[PDB]
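Residue numbers (PDB author numbering), protein chains in the order written: chain h, 1 to 48; chain Y, 8 to 86; chain G, 6 to 187; chain O, 1 to 136; chain d, 6 to 54.
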Amino acid sequence: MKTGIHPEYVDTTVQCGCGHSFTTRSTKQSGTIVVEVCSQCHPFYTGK
Amino acid sequence: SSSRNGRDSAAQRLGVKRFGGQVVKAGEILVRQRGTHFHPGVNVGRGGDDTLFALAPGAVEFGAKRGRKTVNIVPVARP
Amino acid sequence: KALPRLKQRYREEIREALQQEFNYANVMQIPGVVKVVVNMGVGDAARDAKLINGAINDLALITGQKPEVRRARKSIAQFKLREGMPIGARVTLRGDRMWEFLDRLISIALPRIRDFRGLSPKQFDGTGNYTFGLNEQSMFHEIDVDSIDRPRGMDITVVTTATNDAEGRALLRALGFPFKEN
Amino acid sequence: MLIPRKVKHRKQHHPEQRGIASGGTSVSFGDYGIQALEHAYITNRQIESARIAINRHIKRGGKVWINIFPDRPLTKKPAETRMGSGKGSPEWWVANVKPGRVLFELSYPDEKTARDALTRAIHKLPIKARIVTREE
Amino acid sequence: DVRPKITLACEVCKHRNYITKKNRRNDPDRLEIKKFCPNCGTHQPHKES
RNA sequence: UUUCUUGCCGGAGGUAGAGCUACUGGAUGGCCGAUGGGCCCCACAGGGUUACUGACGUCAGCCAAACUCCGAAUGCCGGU
RNA sequence: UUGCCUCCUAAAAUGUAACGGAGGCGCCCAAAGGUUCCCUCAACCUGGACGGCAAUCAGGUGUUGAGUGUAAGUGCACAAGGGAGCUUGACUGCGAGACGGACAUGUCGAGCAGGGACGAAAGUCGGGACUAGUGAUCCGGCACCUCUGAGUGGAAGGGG
Ligand SMILES: [Mg+2]
Ligand SMILES: [Mg+2]
Ligand SMILES: [Mg+2]
Ligand SMILES: [Mg+2]
Ligand SMILES: [Mg+2]
Ligand SMILES: [Mg+2]
Ligand SMILES: [Mg+2]
Ligand SMILES: [Mg+2]
Ligand SMILES: [Mg+2]
Ligand SMILES: [Mg+2]
Ligand SMILES: [Mg+2]
Ligand SMILES: [Mg+2]
Ligand SMILES: [Mg+2]
Ligand SMILES: [Mg+2]
Ligand SMILES: [Mg+2]
Ligand SMILES: [Mg+2]
Ligand SMILES: [Mg+2]
Ligand SMILES: [Mg+2]
Ligand SMILES: [Mg+2]
Ligand SMILES: [Mg+2]
Ligand SMILES: [Mg+2]
Ligand SMILES: [Mg+2]
Ligand SMILES: [Mg+2]
Ligand SMILES: [Mg+2]
Ligand SMILES: [Mg+2]
Ligand SMILES: [Mg+2]
Ligand SMILES: [Mg+2]
Ligand SMILES: [Mg+2]
Ligand SMILES: [Mg+2]
Ligand SMILES: [Mg+2]
Ligand SMILES: [Mg+2]
Ligand SMILES: [Zn+2]
Ligand SMILES: [Zn+2]
């Protein structure tokens, strides 16, 4: 874990379009994402 | 009608200079060589051109130490 | 006081799953995932040395760590490639950055595939070290679309303690990896 | 002609031509063979002539094994020239033969024709040889 | 020459103590290194003449 | 007597010989069989058939002043 | 062709000739020098978008077949091979004892002191894995020195 050379990394809140809530961490300076196709949206993931 | 070769260099007189059981002074050089064909042993040092010399007075004796031919100087007893 | 969630679910249910359906004498023989390696093998940078910059930037934003620049340790006449030329960039992820990156990929980025049809189950190197590629860096939402300059594929490797593809595949499925069903 | 594709050194010393053949003294490929009795330099000219002789005599079906190879070059300095000015250019090829070495080996159904083809070959060689059978 | 002979002189006494070689194509500027000065008695910088 | 000879003891070698599946090269005949060759159904997918050429490998017999996994006799250095 | 270096001839110490058989040299590197620490290649199989045996990634097999500035030989995996940090010992005063030797050349060297570099310390360091990359004396140039200075003081000139 170096001093400051790595890109900024903070906890982030990810909300799905179909209503799933992901509690994660990313390099997003905002820390907030909403996604319309997720693990419960794709026809291949949930068979729909 | 001419040979494109015919050159050679001087012989460097390499080889073992003191053999086993031979009493030497401290500092005598004992074997002249190119690589490390004989590795420095106990109380024997190695020179810049890989020349083995004696770091103490005694008798020369060769050995093998983990698959390496080595040269050692053995302290003869003082009369 | 805080842990990644997917590692939590792993320990909670996948460990018992792997134990009870693979039946190890030692509870420590229950396998698991060890590391992931993302490699952008750029290679064509033998002329454009400036493309590796976008390579390392986008890979850093997705992975959260700054790649080591991988040079070329051979001299070859064809590709205009000399020794010591930056050719690729790699990051290894272990631990919390490990699990969080796996989240960002499989729950987010891997859904973002256009024309997705799964990932082949025969993609193991004999012992369960699963390695797959792709050809577009625009399935990662960490990067905006127009902000890209060239279409680039990553190189995603998951290295696990499988003894063979059975442990590797059982693990990857148990972790929630949408394979191709052959 | 039997010529090596390349030799590491193209001007060697004359092969030492003393002793008894230690390696290669048994008949192993075919059933009859020609087995040497004198030291010599069997050039590829001799080998080719002998092989063609065997093939002409048997002429039907049977295997001829030339288990010696001419791969040692003898040089010769150009004519009318004095001594000196270095070694010549290699211009013939040789197998070094000791007394004991099976030179040619033959596999063929009958006996007398095989023996006659082998002696037809022997007549083309610069040495004394003898026909040796697959058994002690 | 591309690897000419050069001399090194102590700054604090201006005595030329060492002569060496260096590549002018690779070291265009004067070479300076901390060498030993026999009359200054200690290690001093030495600069190309 | 330091010289020399003979016996014994302590040494370092890479020659003769030999060996090579121990290296570098040469090199004989088999064996399986590729990749790359041709064809069928017919696609340049895929599959098999065929003097295919036949990588690699492997069986057996060999070769070398500038080869060596090995390896003397003599000579040489020292001691006694 | 003529000096130097490496190998074979060269007959297991050293040395050994020919218009005998093969090649190199007349450099290069302020790091490719010093020290401290860390690492192990080449090739092969398997899995991967460009990417094809081949480029970078991952797993395995892999004790030396890779590499060592540069010919060849002897070496080196304990690494002398790959990587990073600091740094100038690519030192000054010397040198017991030796190898080689017609002579003149040449070559190795522990150890002492000064002043340093690296290292916690032990210690190592008087260029480079080693053996080529060089030219005697005369004569002259230059910088420094506490020497000399043709009656004396300087100077010129000589000397180290
Ligand atoms: Mg020589
Ligand atoms: Mg040295
Ligand atoms: Mg002989
Ligand atoms: Mg025999
Ligand atoms: Mg033999
Ligand atoms: Mg006859
Ligand atoms: Mg520089
Ligand atoms: Mg005696
Ligand atoms: Mg004896
Ligand atoms: Mg012996
Ligand atoms: Mg030899
Ligand atoms: Mg022999
Ligand atoms: Mg050869
Ligand atoms: Mg020999
Ligand atoms: Mg000799
Ligand atoms: Mg001899
Ligand atoms: Mg002579
Ligand atoms: Mg020349
Ligand atoms: Mg070095
Ligand atoms: Mg250094
Ligand atoms: Mg590997
Ligand atoms: Mg090193
Ligand atoms: Mg110097
Ligand atoms: Mg002296
Ligand atoms: Mg000191
Ligand atoms: Mg010293
Ligand atoms: Mg030196
Ligand atoms: Mg004169
Ligand atoms: Mg006067
Ligand atoms: Mg006066
Ligand atoms: Mg004056
Ligand atoms: Zn969704
Ligand atoms: Zn000074």
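We put the beta carbon where it would ideally sit given N, CA and C, even for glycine.
**Request:** For my contact list, residue 38 of chain O and residue 128 of chain O are in at a C-beta cut-off of 8 Å; report their separation, rounded to the angstrom.
**Result:** The sequence position of residue 38 of chain O within the fourth sequence is 38, counting from 1. The sequence position of residue 128 of chain O within the fourth sequence is 128, counting from 1. That pair is a contact at about 5 Å.
**Message:** Please report the straight-line C-alpha distance between residue 22 of chain h and residue 82 of chain G, rounded to a whole angstrom.
**Reply:** For the purposes of this step, residue 22 of chain h is taken as the residue at position 22 of the first sequence. For the purposes of this step, residue 82 of chain G is taken as the residue at position 77 of the third sequence. Cα to Cα, the separation comes out at about 50 Å.
**Request:** For the stretch 16-43 of chain h, enumerate the residues whose C-beta is nearer than 8 Å to any C-beta of chain G, in chain order.
**Result:** Those would be 22, 23, 24, 25, 26, 27, 28, 33, 35, 37, 38, 39, 41, 42, in chain order.
**From G/63, G/8, G/157, residue whose alpha carbon lies closest to that of residue 49 of chain G** = Your numbering for residue 49 of chain G matches position 44 in the third sequence. The option with the nearest alpha carbon to residue 49 of chain G is G/157.
**Message:** Could you compute how far the alpha carbon of residue 175 of chain O sits from the alpha carbon of residue 21 of chain O?
**Reply:** Residue 175 of chain O is absent from the model: chain O starts at 1 and stops at 136.
**Item:** Cut-off 6 Å between Cβ atoms - residues of its own chain near residue 40 of chain O, not counting five sequence neighbours on either side
**Value:** For the purposes of this step, residue 40 of chain O is identified with residue 40 of the fourth sequence, where counting begins at 1. Around residue 40 of chain O: 97, 126, 127.
**Item:** Same chain, Cβ closer than 8 Å to residue 25 of chain O, neighbours up to 5 away in sequence not counted
**Value:** Residue 25 of chain O sits at position 25 when you count from the first residue of the fourth sequence. Cβ neighbours of residue 25 of chain O beyond the five flanking positions: 35, 100, 101, 102.
**Request:** Flag this pair as touching only if the stretch 4-15 of chain h and the stretch 23-33 of chain h have three or more C-beta atom pairs under 8 Å; answer yes or no.
**Result:** yes
**Message:** For chain O, check one thing: does any of its Cβ atoms lie closer than 8 Å to the Cβ of residue 9 of chain Y?
**Reply:** Numbered from 1 along the second sequence, position 2 holds the residue referred to as residue 9 of chain Y. Closer than 8 Å to some Cβ of chain O, the Cβ of residue 9 of chain Y qualifies, so yes.
**Request:** Quick one: measure Cβ to Cβ for residue 8 of chain Y and residue 85 of chain O, integer angstroms, because I've assumed they're closer than 8 Å.
**Result:** Sequence index remark: in the second sequence, residue 8 of chain Y carries index 1 (1-based). Sequence index remark: in the fourth sequence, residue 85 of chain O carries index 85 (1-based). Between residue 85 of chain O and residue 8 of chain Y the Cβ distance is about 5 Å, and since that is below 8 Å, they are a contact.
**Prompt:** Anyone know if the C-beta pair for residue 99 of chain G and residue 12 of chain G falls short of 8 Å?
**Reply:** On the third sequence, position 94 is the one that residue 99 of chain G refers to. On the third sequence, position 7 is the one that residue 12 of chain G refers to. In this structure, residue 12 of chain G does not lie closer than 8 Å to residue 99 of chain G by Cβ.
**Message:** Does the structure place the stretch 160-178 of chain G close enough to the stretch 128-143 of chain G that three or more beta carbon pairs sit under 8 Å?
**Reply:** yes
**Request:** Tell me, to the nearest whole angstrom, how far the beta carbon of residue 59 of chain Y is from that of residue 45 of chain Y; I am working on the premise that it is less than 8 Å.
**Result:** Reading the second sequence from its first residue, position 52 is the one you call residue 59 of chain Y. Reading the second sequence from its first residue, position 38 is the one you call residue 45 of chain Y. With 8 Å as the limit, residue 59 of chain Y and residue 45 of chain Y qualify as a contact, their Cβ atoms being about 6 Å apart.
**Asked** Would the beta-carbon of residue 21 of chain G be found less than 7 Å away from any heavy atom of ligand 32?
**Response** Within the third sequence, numbered from 1, the residue matching residue 21 of chain G stands at position 16. For ligand 32, not one heavy atom lies less than 7 Å from the Cβ of residue 21 of chain G.
**Asked** Does any heavy atom of ligand 23 sit closer than 7 Å to the C-beta of residue 81 of chain O?
**Response** By 1-based counting over the fourth sequence, the position of residue 81 of chain O is 81. No, Cβ of residue 81 of chain O sits at least 7 Å from all heavy atoms of ligand 23.
**Request:** Please compile the residues from chain Y whose C-beta is within a distance smaller than 9 Å of the C-beta of residue 86 of chain O.
**Result:** Taking the first residue of the fourth sequence as 1, we reach residue 86 of chain O at position 86. Correct list: 8, 9, 10, 11, 12, 13.
**Cross-strand partners of residue 52 of chain Y (DSSP beta bridge)** = As a working mapping, residue 52 of chain Y is identified with position 45 in the second sequence. Y/60.
**Message:** The alpha helix (DSSP H) that contains residue 27 of chain h, what's its start and end?
**Reply:** For this step, residue 27 of chain h is matched to residue 27 along the first sequence. No alpha helix (DSSP H) contains residue 27 of chain h, which DSSP labels as neither H nor E.
**Cβ contact check for the stretch 12-26 of chain G and the stretch 75-93 of chain G: 3 or more pairs under 8 Å** = no
**Asked** Relative to ligand 6, is the shortest distance from any of its heavy atoms to the C-beta of residue 122 of chain O smaller than 7 Å?
**Response** The sequence position of residue 122 of chain O within the fourth sequence is 122, counting from 1. Flag set: Cβ of residue 122 of chain O near ligand 6.
**Reduced DSSP category for residue 144 of chain G - H, G, I as helix; E, B as strand; rest coil** = Numbered from 1 along the third sequence, position 139 holds the residue referred to as residue 144 of chain G. Helix at residue 144 of chain G.
**Asked** Beta-carbon of residue 138 of chain G versus every beta-carbon of chain h: anything under 8 Å?
**Response** Position 133 of the third sequence, counting from 1, holds the residue named residue 138 of chain G. Taking Cβ atoms only, chain h never reaches closer than 8 Å to residue 138 of chain G, which makes this a no.
**Asked** Quick one: is the Cβ of residue 25 of chain d within less than 7 Å of any heavy atom of ligand 23?
**Response** Mapped onto the fifth sequence, residue 25 of chain d falls at position 20. It does: the Cβ of residue 25 of chain d is within 7 Å (strictly closer) of some heavy atom of ligand 23.
**Message:** For the stretch 68-88 of chain G, list every residue whose C-beta sits within 7 Å of some C-beta in chain h, in sequence order.
**Reply:** 69, 70, 71
**Prompt:** Under three-state DSSP, which class holds residue 40 of chain Y?
**Reply:** Position 33 of the second sequence holds residue 40 of chain Y. Looking at residue 40 of chain Y - three-state DSSP - the assignment turns out to be coil, as it is neither helix nor strand.
**Item:** When G/53, G/115, G/16 are compared against residue 155 of chain G, the one with the closest alpha-carbon
**Value:** Taking the first residue of the third sequence as position 1, residue 155 of chain G is located at position 150. It is G/53.
**Message:** Measuring only from the beta carbon, is residue 52 of chain Y closer than 7 Å to any heavy atom that is part of ligand 2?
**Reply:** Your numbering for residue 52 of chain Y matches position 45 in the second sequence. Not so, every heavy atom of ligand 2 lies at least 7 Å from the Cβ.
**Request:** From the DSSP output, in three-state form, read off residue 16 of chain Y for me.
**Result:** Here residue 16 of chain Y is taken as the residue at index 9 of the second sequence, counted from 1. DSSP places residue 16 of chain Y in coil when its eight states are reduced to three.
**The beta strand (DSSP E) enclosing residue 45 of chain h, as first and last residue numbers** = Taking the first residue of the first sequence as position 1, residue 45 of chain h is located at position 45. Run containing residue 45 of chain h: none in the beta strand (DSSP E); it sits in the alpha helix (DSSP H), 43-46.
**Item:** Distance, residue 31 of chain d Cα to residue 13 of chain O Cα
**Value:** Residue numbering aside, residue 13 of chain O sits at position 13 when the fourth sequence is read from its first letter. Residue numbering aside, residue 31 of chain d sits at position 26 when the fifth sequence is read from its first letter. Rounded to whole angstroms, residue 13 of chain O to residue 31 of chain d spans 51 Å at the Cα level.
**Request:** Can you say whether residue 103 of chain G is buried or exposed, counting buried as having 16 or more other CB atoms within 10 angstroms of its CB?
**Result:** Translated into the one-based positions of the third sequence, residue 103 of chain G becomes position 98. Per the 10 Å Cβ criterion, buried.
**Prompt:** Whose C-alpha, out of G/90, G/153, G/130, is nearest the C-alpha of residue 74 of chain G?
**Reply:** Numbered from 1 along the third sequence, position 69 holds the residue referred to as residue 74 of chain G. Checking every option, the nearest Cα to that of residue 74 of chain G belongs to G/90.
**Inter-residue Cα distance where the pair is residue 68 of chain O and residue 78 of chain O** = Along the fourth sequence, read from residue 1 onward, the residue named residue 68 of chain O stands at position 68. Along the fourth sequence, read from residue 1 onward, the residue named residue 78 of chain O stands at position 78. Distance between the alpha carbons of residue 68 of chain O and residue 78 of chain O is about 29 Å.
**N-terminal and C-terminal residue of the alpha helix (DSSP H) that residue 117 of chain O is part of** = Here residue 117 of chain O is taken as the residue at index 117 of the fourth sequence, counted from 1. Looking at the DSSP string, the run of the alpha helix (DSSP H) that includes residue 117 of chain O is 112-122.
**Asked** What separation, rounded to the nearest whole angstrom, lies between the Cα atoms of residue 24 of chain Y and residue 64 of chain O?
**Response** For this step, residue 24 of chain Y is matched to residue 17 along the second sequence. For this step, residue 64 of chain O is matched to residue 64 along the fourth sequence. Answer to the nearest angstrom: the Cα atoms are 58 Å apart.
**Asked** Once you ignore the five residues that flank residue 218 of chain O on each side, which residues in its own chain have a CB closer than 7 Å to its CB?
**Response** Past the edges of chain O, shown from 1 to 136, lies residue 218 of chain O, and the structure says nothing about it.
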